[PDB]
Each structure stands twice: as structure tokens, then as C-alpha cells.
Number of protein chains: 2
Amino acid sequence: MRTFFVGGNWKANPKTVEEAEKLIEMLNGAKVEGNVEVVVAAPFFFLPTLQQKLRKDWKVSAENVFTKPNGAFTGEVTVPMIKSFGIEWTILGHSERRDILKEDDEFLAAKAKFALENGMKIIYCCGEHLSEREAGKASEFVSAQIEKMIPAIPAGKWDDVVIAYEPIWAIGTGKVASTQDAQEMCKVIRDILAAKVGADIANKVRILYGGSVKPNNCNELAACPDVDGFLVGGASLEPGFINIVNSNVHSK
Amino acid sequence: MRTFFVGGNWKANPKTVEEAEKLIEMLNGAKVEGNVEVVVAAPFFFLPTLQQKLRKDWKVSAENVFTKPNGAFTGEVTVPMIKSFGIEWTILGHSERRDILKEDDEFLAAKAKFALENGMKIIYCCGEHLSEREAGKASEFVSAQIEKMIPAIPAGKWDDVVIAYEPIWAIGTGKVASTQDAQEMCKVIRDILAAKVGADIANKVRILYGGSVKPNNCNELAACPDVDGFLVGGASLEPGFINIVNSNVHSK
Ligand code: NA
Ligand code: NA
Ligand code: NA
Ligand code: NA
Ligand code: NA
Ligand code: NA
């Protein structure tokens with residue numbers, strides 16, 4: 001069985017270091033049940049304190065990184081900077097960056113290749129928008145994205161990739177995703193991997209559900225056979241995060 | 001006389017926290033001559049250590065910030081986060097972000113308004129590209145940018161604005177800027193301010209030269225009457241930074 005994986009994405013939160021420290025102390029006291037690999041992603045500015053203070057059985061992640069080691073890229077944070085502090089993970093391709101910050105697939109593949117070649121592990125995000133969901137073309141859209149991702153992955157690095165499916169069509173659209181939606185698209189992704197890079201890899205890669213995950217739906221989502229975990233949004237800031245981490249006991 | 005102002009922009013450098021700490025220890029030992037306001041901008045990830053360890057007579061600056069207090073903006077760092085740690089400054093509108101990260105004037109004006117309304121001080125960057133320089137339309141282009149900036153500034157906040165002119169036309173183009181180029185464009189900007197917001201404000205706002213500044217040209221640049229200081233690139237990482245900070249003795 002693949003090890004269940006839960007990434008907590010704080011996004012651009014909290015507002016103060018005092019709040020981030022309080023949240024860390026809450027995470028540190030949580031009793032994890034079952035078996036699960038937990039990663040916490042936070043704003044660059046809080047990454048030093050998170051790495052220093054977060055429980056050592058969990059790992060810290062950046063929410064984005066640039067494509068280069070360093071250079072004339074005012075405002076950007078790079079792989080060597082966060083790796084120099086012991087941070088092993090980054091999220092790439094999150095819907096908010098693809099959209100608001102206009103990150104395209106070419107930019108994202110470069111990031112994934114550079115990050116992996118430089119020893120990082122990645123949570124690579126994908127997912128289709130409302131028009132493609134409505135048109136019933138969700139699998140084609142998601143395939144194209146995964147197909148741009150695939151050649152970024154060096155030989156031997158699939159152990160360092162996790163994929164998160166975001167139902168962007170259910171974010172701020174008036175539509176909601178069902179548990180079966182989540183299962184279906186995670187299976188779509190697994191099958192794309194099997195067809196393109198082989199069953200051995202497909203059978204080991206964790207594919208996460210990245211839509212709305214809360215204490216009230218995490219257990220039924222975890223039980224879906226192709227859902228290997230979550231990239232959690234707003235609940236990653238709340239005590240409910242632990243219920244989600246613990247939903248691993250319902251996945252087999 | 002306006003107080004001479006030197007901002008050191010590390011850009012996306014150095015690669016490691018060990019290097020940033022060594023650079024800080026170098027800055028801390030430097031003997032400043034004359035009178036000058038010094039700000040050091042560094043990657044988000046190094047801002048905590050810079051704020052903790054940098055000499056207290058100088059101030060730390062972010063190299064960019066987002067337009068919102070917090071929220072669903074994966075990868076972004078916000079004003080309250082850096083203000084919560086005592087950081088008072090940010091750079092906005094740097095050419096590398098306008099270009100590589102595709103930041104437009106509307107995005108940048110929003111940042112400046114939000115930053116200022118939230119108690120930040122800003123270094124707002126502007127500057128024209130090669131085609132406008134060649135066409136002799138450098139002043140019109142720069143005016144338009146400043147004209148988008150101006151309504152972002154709340155009543156009473158001009159004391160918290162510094163403007164940096166970047167001769168983008170001389171970055172990676174095969175063309176170099178002269179000392180007279182720097183003076184001319186800093187004067188162009190001052191005159192736009194005087195005409196649009198009044199002489200009192202124009203006479204107090206520091207306008208910096210943001211092109212290539214090194215130990216070998218800083219004294220002649222500082223002596224230009226409308227050049228009030230520098231936003232320094234690569235030399236901000238080198239012992240030469242101090243020669244630049246000290247070029248204030250040549251400006252009157
Ligand atoms: Na279809
Ligand atoms: Na490997
Ligand atoms: Na499952
Ligand atoms: Na002209
Ligand atoms: Na004021
Ligand atoms: Na001067």
C-alpha cells in the first residue's frame with residue numbers, strides 16, 4: 001500500500017509570526033493515529049520558524065520556488081535557499097499561482113525539473129476549470145497537464161513526486177465536488193501515469209485530493225481507493241487538520 | 001537637503017543562510033561616513049535573520065509583497081507578515097518582476113496603496129525599455145508609470161515613498177548608461193512630481209538611480225544634483241557596497 005500523505009497548505013496565512021508559532025504548538029501536540037506522511041507548507045517568511053519548531057516526524061514545505069539557483073530575480077526565493085535550511089519539499093503549480101500569478105505549464109515544468117534535479121521533493125498540482133468539467137473534457141485537460149509534467153521528472157525521481165488534483169471547477173464557481181468526483185479524477189491521473197510511465201510507478205505515486213477537505217468529509221474521501229491523501233487548504237490552520245491527518249485509518 | 005538614500009537589493013541571493021550571515025557581519029562592521037539612510041532588501045527566507053542581526057541604524061526591506069493582508073494566495077508573502085516582524089520597507093515594481101513575473105502597473109499601484117495604507121515605506125521602481133530610449137520617448141514612458149503611481153499614494157504618505165529609476169534600456173541590451181543619463185531622468189521624474197503633486201513634495205522625495213552602480217562610478221553619480229541615492233544591484237553583495245553608501249559625501 002502507498003503511504004497516506006497529507007500536506008497542509010497554509011497559503012498566505014497566518015498574518016503574524018505569533019500566530020504561526022501558536023499554530024505550530026497546536027500541531028506539535030496532536031496525536032497522530034495510523035500511518036501517514038505529513039508535510040506542512042507555509043509562507044516563505046515563516047519557513048525558518050516552522051523548520052526550527054515543527055515536530056521532527058513531520059516535514060516543512062515551501063508553497064512555491066523559482067526556476068533558478070539564485071540571480072537577478074528580485075522578489076524570488078530559490079531551491080538552494082530553502083534546502084540550505086533543511087527544507088525538503090515544495091508545492092508547485094497550485095491553482096492560485098497558475099491563475100492569479102499567471103504561472104504556465106512551461107514555467108512549472110522548469111520548476112519541477114530544477115527542484116527534483118536539486119534534491120527536492122514536490123507536490124505538483126493539476127486540475128481542470130469549469131468549462132472543461134461541464135464539457136465533460138476533464139480527463140483530457142488533466143492528461144495534458146500531466147503530460148507536460150512527465151518529462152520534467154528525471155530517471156529515479158518518481159519516489160520524490162506527489163500529485164495533487166484540484167477541482168478548480170468547484171472553487172468559487174457555485175458548483176461543489178462529490179466524493180465520487182474525487183475518486184474518479186484521482187483514478188484518471190493514476191491511469192495516465194500507468195499508460196505513459198508504467199504500472200510500477202503509477203502504483204507507487206501518491207495522488208492527493210486537493211479540493212475542499214474538512215473534518216466532515218475527510219473520512220469518506222480517504223476511503224476512496226485511488227485517493228492517497230490530501231492537500232488541505234483552510235483546515236490546515238485549524239484543529240480540524242488533525243482529523244484529516246488521522247483519516248488515513250480509513251484508507252486501504 | 002534631502003537625506004541621501006542607498007538601498008541594497010540582494011535580489012535572489014545569496015544561496016545559503018550561512019552566506020547571508022557572513023554578509024550581514026560584513027555590513028555590521030562597515031564605517032559609514034557622512035549622512036545617509038541605508039536599507040537592505042533580501043529574499044523573504046532571509047528576512048527574519050536580517051532583521052534579527054542587521055545593525056539597527058539600518059533598516060530591512062522586502063523585495064516585493066502581495067496586495068492583500070492574507071488569504072488564498074499560495075506562494076505569496078504579505079504586508080502584515082513582514083510588519084509583524086518589524087520590517088518597515090518593501091521594494092515594488094522592480095524591472096525584473098514587471099518583466100519576468102509579468103507585474104503590470106495596476107497590480108503595482110494596488111501594492112503601493114495597500115502597503116502605504118498599512119504603514120509600510122516603499123521603494124517604487126520605474127524606467128523605460130530600449131525602444132522608448134531609442135525613440136527619444138523616455139520621459140513620456142516614465143511619466144505614464146509615475147502617473148499610475150501617484151493616485152496610489154494616500155494623503156500624507158509621500159514622506160514614506162522613495163522612487164528608483166532603472167535604465168532598463170541598459171540592462172542586457174548592449175547599451176550603457178552615462179552619468180548624465182542618470183541625472184537627466186532623475187530630473188525628469190522630479191519635474192513630473194512638481195507638475196502633478198507640487199514642488200513641496202517634489203523637493204522632499206528621494207529619487208534614486210537604479211542602474212549599474214559600483215565603486216568606480218558611485219561618486220560621480222552621487223554628485224548629480226537630482227540623484228538622491230541608489231538602488232544597488234550586485235554590489236550590494238560585495239564589500240564595495242560601503243563605498244557606495246559613503247558616496248553620500250559627494251552629493252549636495
Ligand atoms: Na468526455
Ligand atoms: Na529516487
Ligand atoms: Na484512499
Ligand atoms: Na522626445
Ligand atoms: Na506621513
Ligand atoms: Na546627488
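Proteins get letters first, then strands, A, B, ... in listed order; numbering begins at 1 in each. The basis for the numbers below is simple: all heavy atoms, side chains too, and nothing from hydrogens, waters or symmetry mates. Note that ligands are numbered from 1 as they come in the structure, with each ligand's atoms numbered from 1 the same way.
- Two rings, from A:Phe5 and A:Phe230, have their centers 6.0 Å or more apart.
- Side-chain atoms of B:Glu128 and B:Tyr165 include a donor-acceptor pair closer than 3.5 Å.
- Here the side chains of B:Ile146 and B:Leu193 are in contact, with some heavy-atom distance below 4.5 Å.
- Counting only N and O atoms by type, the side chains of A:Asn9 and B:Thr74 include a donor and acceptor under 3.5 Å apart.
- When distances to the Na ion (ligand 6) are checked against a cut-off of 3.0 Å, B:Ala223 contributes no N, O or S atom below that limit.
- A:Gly136 lies close to the Na ion (ligand 1), since one of its N, O or S atoms is found at a distance under 3.0 Å.
- Metal site remark for the Na ion (ligand 3): A:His250 contributes no N, O or S atom at a distance under 3.0 Å.
- Judged purely by distance below 3.5 Å, without hydrogens or angles, the side chains of B:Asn246 and B:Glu33 never pair a donor atom with an acceptor atom.
- For the pair O of A:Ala222 and O of A:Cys224, the angle at the Na ion (ligand 3) is about 90°; rounding is to 10 degrees.
- At a cut-off of 3.0 Å, B:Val227 is counted among the residues with an N, O or S atom near the Na ion (ligand 6).
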